[PDB]
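Asker: Give me coordinates for this.
(one chain, ligands or ions: 3)
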Amino acid sequence: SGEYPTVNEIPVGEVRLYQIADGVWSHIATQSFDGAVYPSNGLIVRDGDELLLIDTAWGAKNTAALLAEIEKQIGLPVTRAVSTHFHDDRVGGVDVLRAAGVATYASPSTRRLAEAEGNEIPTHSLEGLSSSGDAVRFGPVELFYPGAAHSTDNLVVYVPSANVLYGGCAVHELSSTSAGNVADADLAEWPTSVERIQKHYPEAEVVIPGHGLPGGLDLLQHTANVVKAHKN
Ligand SMILES: C[C@@H](c1cccc2c(-c3ccc(CS(C)(=O)=O)c(F)c3)c(C(=O)O)[nH]c12)n1cc(CNS(=O)(=O)CCN)nn1
Ligand SMILES: [Zn+2]
Ligand SMILES: [Zn+2]
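Answerer: Numbering: from 1, shown residues only. Ligands and ions are numbered 1, 2, ... in the order given. Shown next is the protein structure:
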């Protein structure tokens, strides 16, 4: 009823939306993985009379529920989606999106890694993001490649109209005391990549992690702190 939703308000298979700013929402869903349940976030950004989606809802059925929740709560069509890295919490549901008429995008690096892993594969390649510090415009957002962090391909997303920074899984929530799922991470490079984010988006007012509660710019330093402690 107004607070940012958590697993306890989200059974696996339901999706909730949360208004971040004018024309900016996060989507929250839950999924089971290796016998434990986790929340995950994505983003929705108004693009005139259309919507841009950032990341799936972690699974085909969750992503179908996401589209249904968007129709219920917003009522504008999702025309494009960007996946910010290759794991299932970002691309699982791309097939559902593609069958719903959504054009799906990711960097070539994400597409290659998704294909190699057996995950669903966005249709279109996002060029211009292969070097750390690269940025490109995509509808109402800027996509930024900070360097290797949670994964080698992770992208972050900035909504300049609202100073909203969606860090994806390269950014952790303030309550975290570990670095999450680090199987594909570069713990040595991650702090440098976070520093690049901090330098590029110093005016960010809301920072949204890939999992957990949004906050302010402090999430960036906190992430560097937990990653460094994990590496150690
Ligand atoms: C789907 C995704 C994934 C699944 C389950 C959990 C996560 C997590 C995660 C996020 C937060 C916490 C709480 S916290 C900051 O306090 O720790 C946490 F405890 C874990 C992440 C992530 O951090 O963003 N991602 C999660 N995933 C898959 C792979 C590679 N697959 S693999 O089977 O593991 C190795 C085989 N190659 N990596 N990530
Ligand atoms: Zn991941
Ligand atoms: Zn993640």
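Asker: What residues does the closest residue to ligand 3 within the chain make contact with?
Answerer: Going by Cβ to the ion, ligand 3 is nearest to residue 169 of the chain, at 3.4 Å. For every residue, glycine as well, the C-beta is placed using N, CA and C. Residues counted as contacts of residue 169 (Cβ atoms under 8 Å, 6 or more residues apart in numbering) are 84-85, 87, 89-90, 150-151, 154, 180, 209-211.
Asker: gap between residue 145 and residue 41?
Answerer: 19 Å (Cβ to Cβ, to the nearest Å).
Asker: Looking at these two, which is more packed in?
Answerer: residue 41 (28 against 24; other Cβ atoms under 10 Å).
Asker: and the more buried one, what element?
Answerer: Taking DSSP states H and E as the definition, one finds residue 41 inside strand 36-47.
Asker: okay, the contacts of residue 169 in CSV with distance to ligand 2 next?
Answerer: Shown next, in CSV, are the contacts of residue 169 (distance: Cβ to the ion, whole Å):
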residue, distance to ligand 2
84, 9
85, 5
87, 3
89, 6
90, 7
150, 6
151, 6
154, 8
180, 8
209, 12
210, 7
211, 9
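Asker: Secondary structure for the residues you listed - can I get that in a markdown table?
Answerer: Output for the contacts of residue 169, formatted as a markdown table (DSSP: H, G, I helix; E, B strand; the rest coil):
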| residue | secondary structure |
| --- | --- |
| 84 | coil |
| 85 | coil |
| 87 | coil |
| 89 | helix |
| 90 | helix |
| 150 | coil |
| 151 | coil |
| 154 | coil |
| 180 | coil |
| 209 | strand |
| 210 | coil |
| 211 | coil |
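Asker: Can you narrow those residues down to the ones near ligand 1?
Answerer: Among the contacts of residue 169, the residues that sit close to ligand 1 (Cβ under 6 Å from any ligand atom) are 87, 89, 150, 180, 210-211.
Asker: Buried ones in the helix or strand just after the strand holding residue 41, by neighbour count?
Answerer: Using DSSP H and E, the helix or strand that follows strand 36-47 towards the C-terminus is strand 50-54. Using 16 or more other Cβ atoms under 10 Å as the test for burial, strand 50-54 gives 51-54.
Asker: Next to ligand 3, which bits of the chain? Give me the list.
Answerer: 89, 169, 210 (Cβ under 5 Å from the ion).
Asker: Now for residue 124: which residues touch it?
Answerer: 103-106 are the contacts of residue 124 under Cβ under 8 Å, 6+ apart.
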